[PDB]
Amino acid sequence: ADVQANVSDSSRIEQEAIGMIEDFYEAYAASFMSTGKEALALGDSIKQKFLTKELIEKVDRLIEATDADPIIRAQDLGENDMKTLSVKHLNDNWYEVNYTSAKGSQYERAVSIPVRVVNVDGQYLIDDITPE
Amino acid sequence: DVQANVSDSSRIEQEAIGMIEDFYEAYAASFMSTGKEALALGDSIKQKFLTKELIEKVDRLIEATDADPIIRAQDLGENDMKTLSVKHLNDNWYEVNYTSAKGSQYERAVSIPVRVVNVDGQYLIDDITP
């Protein structure tokens, strides 16, 4: 059986996955600070680094379907939005990215994106969001 | 007026501290990505938060030293800027504190004095390391 080894490995691996997801969202959020071609350039560079080829194509479909960025479920980020970032494990390889959009205002909105993680040769990558 | 001085000074210092935190958190996030796009964001963040004279001083210190004078390091480790602490020192000078290479055997406490100016309600950093 070995409960302690299964438990501590599961806890470690989940925290490693959470760490990558946190790094993606903090890096991606910073790309919204620029208001020129470099904003999109960095945003796409970060998506090329952290997301799989399959998910990036699904994000384009959702960009075409909605009129919002499916990664943040918004058009833009207020500068205080990512300070409320909180990631946690759901089940299996699914994690939930939580943050409050427009915190403090009359348009304050709780955002909750389920994201799925794959490990390729030691590197963690997000391979799906918002289940289809 | 003792109380009005105390309330206005506390409000304004927190607004100045708020801007400095926003600069450092945003600027630190540019290191999470690599290449010309990461550097371009760093420069965009500098344009937003630093004065034209300070950006010219930082470019001089980039040539003069072998470290980024904003962070006093070549790069940032994972979760260095999670230790960020900003406080008022005196007049318009504030101290930015963070632990470089936090958790590692080479961890180093960093303290950067930064001077703030208000230009028509906008807070900008106009000098660092006097």
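Residues numbered from 1 in each chain as written, not as in the entry; some residues may be left out. Chains lettered and ligands numbered in written order. Heavy atoms only, no water. Residues with missing side-chain atoms left out of burial classes, pairs and counts.

- Method of determination, as given in the entry header: X-ray crystallography; reported resolution: 2.100 Å.

1. Side note on the overall build of chain A
- When helices and strands are tallied, chain A shows three helices and four strands.
- Put simply, chain A runs from its N terminus to its C terminus through helices and strands in the order α-α-α-β-β-β-β.
- Expected size for 132 residues packed as a compact globule is a radius of gyration near 14 Å; at 16 Å, chain A falls within 12% of this value.
- C-alpha atoms of chain A, sized along the principal axes, occupy 55 × 35 × 25 Å. (Helix = DSSP H or I, 4+ residues; strand = E, 2+ residues; numbered from the N terminus. Rg over C-alpha atoms; globule rule 2.2 N^0.38 Å.)

2. Description of the packing of helix α1 (residues 2–30) of chain B against helix α2 (residues 36–49) of chain B
Residues and elements named next belong to chain B.
- One can describe the packing of α1 onto α2 by two numbers: an axis separation of 8 Å at closest approach and a directional angle of 170°. The angle between α1 and α2 places the two elements in the roughly antiparallel class. Along the contact surface, α1 presents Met-19, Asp-22, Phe-23, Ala-26, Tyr-27 and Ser-30, while α2 presents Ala-38, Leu-41, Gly-42, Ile-45, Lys-46 and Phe-49.
- The residue makeup of the contact of α1 with α2, split by class, is eight nonpolar, two polar and two charged. (Axes fitted to C-alpha atoms, helices over the stretch in contact; angles between N-to-C directions. Parallel < 35°, antiparallel > 145°, perpendicular 65-115°, else oblique. Contact = heavy atoms within 4.5 Å. Nonpolar A, V, L, I, M, F, W, Y, C, P; charged D, E, K, R; others polar.)

3. As for the sheet that holds strand β4 (residues 122–128) of chain B
All names here are of chain B.
- Ordered by their spatial adjacency, four strands build an open sheet running β1-β2-β3-β4, and the pairing between neighbours is antiparallel. Of all the strands in the sheet, the pair left with one neighbour each is β1 (85–90) and β4. Taking each pair of neighbouring strands and ignoring which way they run, the sheet shows an average axis angle of 40°.
- Docked against the sheet, α1 engages β1, β2 (93–100), β3 (108–119) and β4, running at close to 70° with respect to β4. (Pairing = 2+ DSSP bridges.)

4. What to know about the pairing of strand β3 (residues 109–120) of chain A
Residues and elements named next belong to chain A.
- Where strand β2 (residues 94–101) meets β3, eight bridges bridge the pair, whose relative direction is antiparallel. Its bridge partner being in β3, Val-97 is matched across the sheet by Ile-113.
- In the sheet, β3 pairs with strand β4 (residues 123–129) via six bridges, with the strands oriented antiparallel. Among the inter-strand pairings, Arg-116 is bridged to a residue of β4, identified as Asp-128.
- Counting the residues in the hairpin turn of β3 and β4 gives two residues, including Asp-121, whose phi is positive at 50°.

5. Points about the nonpolar core
- Membership of the largest hydrophobic core comes to 68 residues, with the highest contact counts inside it found for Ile21(A), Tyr25(A), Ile20(B) and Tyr24(B).
- Excluding anything up to four places from it in sequence, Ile20(B) contacts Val86(B), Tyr94(B), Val96(B), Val114(B), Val116(B) and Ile125(B). (Core = buried A, V, L, I, M, F, W, Y, C linked by side-chain atoms within 4.5 Å. Buried < 20%, exposed > 50% of the residue type's maximum accessible area, 1.4 Å probe, protein only.)

6. Some thoughts on the packing of aromatic side chains
- What the rule picks out here adds up to eight aromatic pairs over all chains.
- On the numbers, 5.4 Å between centres and 85° between planes, the contact of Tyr27(B) with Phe31(B) is edge-to-face.
- With relative accessibility at 5%, the residue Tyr27(B) sits in the buried group.
- A connected cluster of aromatic rings, assembled from ring pairs, spans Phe24(A), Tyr25(A), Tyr28(A), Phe32(A) and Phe50(A). (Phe/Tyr/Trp six-rings, centres within 6.5 Å; stacked < 30°, edge-to-face > 60°.)

7. Comments concerning unusual backbone geometry
All names here are of chain B.
- Of note, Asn-79 is a non-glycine position whose phi angle comes to about 75°, a positive value.
- In this fold, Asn-79 is placed in the loop between α3 (52–64) and β1.
- Relative accessible area serves as the criterion here: at 41%, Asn-79 is assigned to the partly exposed category.

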